[PDB]
Amino acid sequence: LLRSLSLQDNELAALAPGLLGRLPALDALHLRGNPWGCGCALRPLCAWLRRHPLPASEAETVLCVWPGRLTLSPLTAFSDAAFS
Amino acid sequence: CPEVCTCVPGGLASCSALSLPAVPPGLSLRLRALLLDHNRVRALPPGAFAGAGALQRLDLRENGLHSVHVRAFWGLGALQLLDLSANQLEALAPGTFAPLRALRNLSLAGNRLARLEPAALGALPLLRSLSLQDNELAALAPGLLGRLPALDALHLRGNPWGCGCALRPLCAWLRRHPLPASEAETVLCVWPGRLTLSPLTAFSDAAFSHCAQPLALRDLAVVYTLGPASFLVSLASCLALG
């Protein structure tokens, strides 16, 4: 029955794919505020973004920590291929 | 509309006294000239205000800030005033204020640092003012002074400071920019003697207390060969005396 689930101001960086495997109806997932870095852990989250492009809204523009220390990259830039 | 309190015209209205351990939550794109007095923030989340492309004033006073993040201020490169009064910072994370370059007034009052990294602070060509009220810093890196090209306002009143070689760059700043000539700035340093104390204005350009010079080429050019020179002198004396 779950469809909406929020992660505002969380510190999560490594999300296990089991959570998305269990949830069959999640379609509203908010993430603003996160010490997250793009990586292999991000791939399930990128798949969720791909099947439901909620971050197309201006309200949800959550970011990463790219391997480069001085940079910064949103998930909306993190596309499906994302060869990093 | 933020959840914390009122937002009014101008840059914007912000909320002070929120004391949030991480950061008060905001859902807006228009907030400008922020006011964050009396908080309990300890670490700036990465990309806290990346939505706000341009910001002018931030007022982080009286916080529990102990360590910052490199990517907190990427989307912030227009700030010109910022306050860091009464924090518990231990070391400034490199790359935090590096994206910031338009700042001119940066008070760093009441910090808890043993030393500051010159690389972390950034060039900040526009910076001209810096405050150290109730700070406990005792050892400042000369690179901080070296990178800042326009620093002319150093407020320092209140320091568990020890008079010595660590004070020499600060004495140099005093002798090139005598701000402590004003009554408001009366920073003091503790003399090597625990019982006594001396204000900075007593610390003269010479200040013959300890640690005169760390390096000297006039002696470095001869120190390498001094030992062999002495040994050849001894050998020649042995040869000549017989």
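This deposited entry lists cryo-EM as its structure determination method and 3.9 Å as its resolution.

J.: Talk me through the state of the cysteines; I want residue IDs and the actual numbers.
T.: Residues and elements named next belong to chain B. Considering all chains together, one arrives at 3 disulfides over all chains under this definition. Note that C5 is cross-linked by a disulfide to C15, the S-S spacing being 2.0 Å. Since a negative S-S torsion denotes a left-handed disulfide, the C5-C15 link at about -130 degrees is left-handed. A residue pair is termed long-range when its members are at least 10 positions apart, and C5 in the segment before β1 (57-58) and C15 in the segment before β1 qualify at 10 residues. Take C15: its relative accessible area is 5%, and that puts it in the buried class. Just so you know, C1 is unpaired, no disulfide at all, and the nearest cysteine sulfur is the one on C7, 4.7 Å from it. With no disulfide of its own, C171 lies closest to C189 among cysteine sulfurs, the gap being 9.4 Å.

J.: So, the UniProt feature "disulfide bond" in chain A: which residues are in play, and what are the values?
T.: All names here are of chain A. A sulfur-sulfur distance of 2.0 Å separates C38 from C64, so the disulfide listed by UniProt for this pair is formed here. Of this pair, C38 sits in the loop between β2 (28-30) and α2 (43-51) while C64 sits in the segment after α2; the two residues are 26 residues apart in sequence, bridging distant segments of the chain. Given a relative accessible area of 11%, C38 falls into the buried group.

J.: Before we move on, could you go through the sheet that holds strand β5 (residues 153-155) of chain B and cite the residues and values that matter?
T.: Residues and elements named next belong to chain B. On the basis of which strands lie adjacent, the open sheet formed by 5 strands has the order β1-β2-β3-β4-β5 and parallel pairing. Among the strands making up the open sheet, the edge pair consists of β1 and β5. Note that strand β3 (residues 105-107) and strand β4 (residues 129-131) share 3 bridges and pair parallel. Bridging from a neighbouring strand, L106 pairs with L130 of β4.

J.: Which residues make up helix α3 (residues 168-176) of chain B, and what are the values?
T.: Within the sequence span of α3(B), burial applies to B:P169, B:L170, B:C171, B:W173 and B:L174. Where the residues of α3(B) are buried, they touch α2 (142-147), β5 and β6 (161-162) of chain B.

J.: How would you sum up the sheet that holds strand β8 (residues 198-199) of chain B? Please name residues and give values.
T.: Residues and elements named next belong to chain B. Spatial strand order, β6-β7-β8: 3 strands in an open sheet with mixed pairing. The sheet terminates laterally at β6 and β8, the two strands that pair on one side only. In terms of strand pairing, β6 meets strand β7 (residues 188-190) through 2 bridges, oriented parallel. Counted as the bridge partner of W161 is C189 from β7.

J.: Can you explain the interface of chain A and chain B? Please cite residues and give values.
T.: Contact with chain A, which involves 16 residues of that partner, is made by 10 residues of chain B. Buried surface at the junction of chain A and chain B, both sides included, amounts to about 1,000 Å², of which 58% is carbon and sulfur. By the criterion of area lost to chain B, the three top residues of chain A are A:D9, A:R69 and A:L72, representing 39% of everything that side buries. Scanning the region where chain A abuts chain B turns up 0 salt bridges. For the pair chain A and chain B, the interface holds 3 residue pairs in polar contact. Here the side of chain A that touches chain B is composed, by residue class, of 7 nonpolar, 5 polar and 4 charged.

J.: How would you summarise helix α4 (residues 217-240) of chain B if you had to cite specific residues and measurements?
T.: Taking 1.5 Å of rise per residue, 24 residues should cover 34 Å, and α4(B) covers 33 Å from first to last C-alpha, within 8% of that figure. Of all the bends in α4(B), the largest measures some 50 degrees and sits at B:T225, one to four residues before the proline B:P228.

J.: Requested: an account of the pattern of salt bridges, with residues and values cited.
T.: Residue and element names in this part refer to chain B. If you walk through the whole model with that rule in mind, you get 5 salt bridges over all chains. We note a salt bridge from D83 to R61, for which the minimum N-O separation is 2.4 Å. Of this pair, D83 sits in strand β2 (residues 81-83) while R61 is found in the loop between β1 and β2, placing the two residues 22 residues apart along the sequence. Looking at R61, the relative accessible area reads 40%, which means it is partly exposed. Ionic pairing is found between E136 and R112, a salt bridge with its closest N-O pair at 3.4 Å. Linking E136 in the loop between β4 and α2 with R112 in the loop between β3 and α1 (118-121), this pair joins segments that are 24 residues apart in sequence. Residues joined in a network through salt bridges with shared partners are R57, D59, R61 and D83.

J.: Got a sec to walk through unusual backbone geometry? Specific residues and values, please.
T.: Residue and element names in this part refer to chain B. You will see that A33, though not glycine, has its phi angle at about 55 degrees, which is positive. Summarising the element assignment, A33 is placed in the segment before β1. If you check the backbone angles, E62 has positive phi at about 55 degrees while not being a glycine. When you line up the elements, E62 lands in the loop between β1 and β2.

Cut-offs applied
- Residues numbered from 1 in each chain as written, not as in the entry; some residues may be left out.
- Chains lettered and ligands numbered in written order.
- Part of a larger assembly, values for the part shown.
- Heavy atoms only, no water.
- Disulfide = S-S within 2.5 Å.
- Helix = DSSP H or I, 4+ residues; strand = E, 2+ residues; numbered from the N terminus.
- Buried < 20%, exposed > 50% of the residue type's maximum accessible area, 1.4 Å probe, protein only.
- UniProt positions renumbered as here; feature names shortened; annotations may be inferred.
- Pairing = 2+ DSSP bridges.
- Contact = heavy atoms within 4.5 Å.
- Buried area = accessible area lost by both parts, 1.4 Å probe.
- Salt bridge = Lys/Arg side-chain N within 4 Å of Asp/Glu carboxyl O.
- Polar contact = N/O pair within 3.5 Å; in protein donor to acceptor, adjacent residues only side chain to side chain.
- Nonpolar A, V, L, I, M, F, W, Y, C, P; charged D, E, K, R; others polar.
- Expected span 1.5 Å × (residues − 1).
- Bend = angle between axes of the 7 residues up to and from the residue.

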